[PDB]
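For reference, the chain that follows is the form deposited without the ligand, supplied as structure tokens.
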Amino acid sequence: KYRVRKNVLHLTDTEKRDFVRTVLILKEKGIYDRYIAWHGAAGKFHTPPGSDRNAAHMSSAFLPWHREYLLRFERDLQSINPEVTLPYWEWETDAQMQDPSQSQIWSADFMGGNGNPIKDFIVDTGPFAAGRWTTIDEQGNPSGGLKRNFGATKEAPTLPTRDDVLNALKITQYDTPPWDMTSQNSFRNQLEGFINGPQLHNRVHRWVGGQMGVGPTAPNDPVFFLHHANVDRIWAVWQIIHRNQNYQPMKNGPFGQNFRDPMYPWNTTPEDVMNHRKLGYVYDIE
């Protein structure tokens, strides 16, 4: 309840400067790379093998997986700078703008801007511009630059709306069998965005483009964590609202998806991260 995750737009220039600096440090130290690989590994871990579901996506573990993932990242920032916490990108408000790409999150002192269509959508502004920040491909080999291409996709010309987010918060069950991308009247499948996809979470990735367009390379873009911080806030808000609801499946789901299963690549369980306050953080909106 001490660490407070703030909205990006409420950040002081110094806070924004300190977040970036710490992320750059994690990168230099070789720590940042551990996160990208954990994510890649996870999406490759199929539950069960042959199934669509994996440890980190397309099933019930989606929400807790990333919560643990973000918890570990924040602790790592914290080891560098005890004053630094993970902010969130409230994409639903930016979506209200005439031109969302005009959001302050993309300023040169923070995330940097859109991709340069002359350099194949390589990002050349900001702290994470090519030549300042090295990227890795799916194979673990250098890929040579952050790429972004906002709203370029026919399927996802726009970010998700405030109404889209409110409509997910109305769903009663955390998830429903068969605990996959076809799960109906499920908050998890809804938020993840497979209901008439891409919506919500999935929709943000498609809208951002570049590495953020494809799962395995998503975290190469530091905006990945800001986005997942916002996703985690929505879940946390749901938990407050539907407080007689609990995680599902409690059992009989596939191994890795149940309440008390370890979440590959770690030993952490969904039970372990069910209460975010217990983890030592809370979002501003409280």
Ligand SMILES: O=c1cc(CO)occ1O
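Sequential numbering from 1, following the sequence displayed.
The form solved in complex with the ligand is left out here; the points below concern that form.
You can rule out all but one of 195-203, 121-129, 72-80, 169-177: in the deposited complex, only 195-203 has residues with a heavy atom within 4.5 Å of the ligand.
In terms of contact with the ligand in the deposited complex, the residue from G213, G115, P160, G145 that brings a heavy atom within 4.5 Å is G213. Using a 4.5 Å cut-off on any heavy atom, none of the residues of 16-33 reaches the ligand in the deposited complex.
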